[PDB]
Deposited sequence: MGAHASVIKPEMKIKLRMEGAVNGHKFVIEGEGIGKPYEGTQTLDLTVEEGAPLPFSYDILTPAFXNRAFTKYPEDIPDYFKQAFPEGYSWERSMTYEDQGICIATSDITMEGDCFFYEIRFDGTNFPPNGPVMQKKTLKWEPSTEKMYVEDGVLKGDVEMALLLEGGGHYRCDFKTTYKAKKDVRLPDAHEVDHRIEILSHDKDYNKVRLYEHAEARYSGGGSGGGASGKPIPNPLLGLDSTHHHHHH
């Protein structure tokens, strides 16, 4: 098929959180049909990041999802032409992020151009005080609306002092060509920062994702 069993990834994210501009370069590799991938990410502008890196990690490609044969795979169908997504992330303390990504393919390599913007995070909140530990595993509900695919997922960041910091993700996924559309289903996620240097200038990031009814 067009999507090979092993695919490389190159990316750039440009963004700003509470007005702090940053840029991150990324390269990685994954297995699209097994729904796994690992990225090496490097801050190239705006170091040291004054906010929690975890708010960024889900912005760093549902092509990397294990899809059963009887659910149409919106994402792998979309290539070689590719697809884009747009996402709002509404945190429980009125911090808000918006991200977009345009995903293309050249050979055995995905390319992402990501924009990430976040505003209104409280100065003593867990994002600006870097109190987050990891995202809890999640279940994203995939559904069709306006001829495209949407995903809604209730997210929670585990916090240092125990407790959780919650966020509602809404994503719209837009294939660049006509594809077969699935029925409502779910995608189970696990995302982990495997390793990082002190200020998260270097980060190694892993996701596993699998679709089902």
item: Coordinate gaps, deposited numbering; value: 1-5, 66, 220-249
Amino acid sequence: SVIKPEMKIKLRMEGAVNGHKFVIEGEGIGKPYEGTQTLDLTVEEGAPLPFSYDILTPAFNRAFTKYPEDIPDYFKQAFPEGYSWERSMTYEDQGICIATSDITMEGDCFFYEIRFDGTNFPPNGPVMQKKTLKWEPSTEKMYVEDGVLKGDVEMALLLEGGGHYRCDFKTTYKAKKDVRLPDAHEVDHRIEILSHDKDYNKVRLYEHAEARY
From here on, numbers count along this sequence of modelled residues.
{"item": "Average Cα temperature factor in the PDB entry - higher stretch of 68-76, 90-98", "value": "68-76"}
{"item": "Selected stretch [higher average CA B-factor]: 160-168 or 177-185", "value": "160-168"}
{"item": "Identity of residue with top Cα B-factor, from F111, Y83, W135, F116", "value": "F111"}
{"item": "Where the record places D54 (Cα B-factor, split into thirds across the chain)", "value": "lowest"}
{"item": "Record-listed C-alpha B factor of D197: chain third", "value": "highest"}
{"item": "For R62, the third of its chain into which the C-alpha B factor falls", "value": "middle"}
{"item": "Assigned third (lowest, middle, highest) for the C-alpha B factor of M128", "value": "middle"}
{"item": "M142, C-alpha B-factor rank within chain (lowest, middle or highest third)", "value": "lowest"}
